[PDB]
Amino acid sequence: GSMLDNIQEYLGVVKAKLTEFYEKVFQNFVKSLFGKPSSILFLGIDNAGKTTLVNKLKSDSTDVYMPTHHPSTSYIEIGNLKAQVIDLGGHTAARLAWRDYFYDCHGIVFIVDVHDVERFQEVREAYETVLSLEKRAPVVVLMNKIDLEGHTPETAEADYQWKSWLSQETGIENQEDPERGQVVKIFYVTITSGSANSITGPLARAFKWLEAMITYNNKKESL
């Protein structure tokens, strides 16, 4: 009996260090994606998971939130990522108040709570608001909280009925051809899962796609 003493506590301590390490790799990978300072707007209605995502990207040691004066906004510099977070509302013409935030905007991360179906009308208005203020920058869409529908990223990608219904209710559609103008790509994620830190998982591939599209814009504007 005494031979099992503390074995489990050591397994737990090691597992905890492995989890911190796993998260650190994600933070490093994302921080290294942006070679020049890039203004990224994290947008969506409240409770979608924006603050959760930005907290996932930041290093608690080096990155510090800056005070904004509007309660709907957040700002933190994560290496070259200048992350501006905005809780949208929708269904208002006072959307022009935010126009300054889209000056020299490099990319957008738009987050949707797929579980909060009743607020899909706000989402489509919030999304319509974004597309009218920013007409050039790439938009990556995170369909978040798929775990609340019992989905992983793999089973969600195969649920073609549900993907069509989500696009129908929010108005968000893919436009993955950069020759055809502004680009939009939808990803299905659970931002709070531990596997979301995988640098080959959908969340990380969404940032790699966004970065590649920002690089396409920077090369096209130079020619």
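Note that residue numbering follows the sequence shown and begins at 1.
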{"query": "Per the entry, higher mean C-alpha B factor between 115 to 123 and 143 to 151", "finding": "115 to 123"}
{"query": "152 to 160 versus 171 to 179 - which carries the larger mean C-alpha B factor in the record", "finding": "171 to 179"}
{"query": "Member of 105, 109, 86, 83 with the greatest C-alpha B factor (per the PDB record)", "finding": "105"}
{"query": "Lowest, middle or highest third - CA B-factor, residue 185", "finding": "lowest"}
{"query": "Residue 37 - Cα temperature factor, lowest/middle/highest third of chain", "finding": "middle"}
{"query": "Chain third (lowest, middle, highest) by recorded CA B-factor, residue given as residue 223", "finding": "highest"}
{"query": "Third of the chain's Cα B-factor distribution that residue 27 belongs to, per the entry", "finding": "lowest"}
{"query": "Third assignment of residue 93 from its chain's C-alpha B-factors", "finding": "highest"}
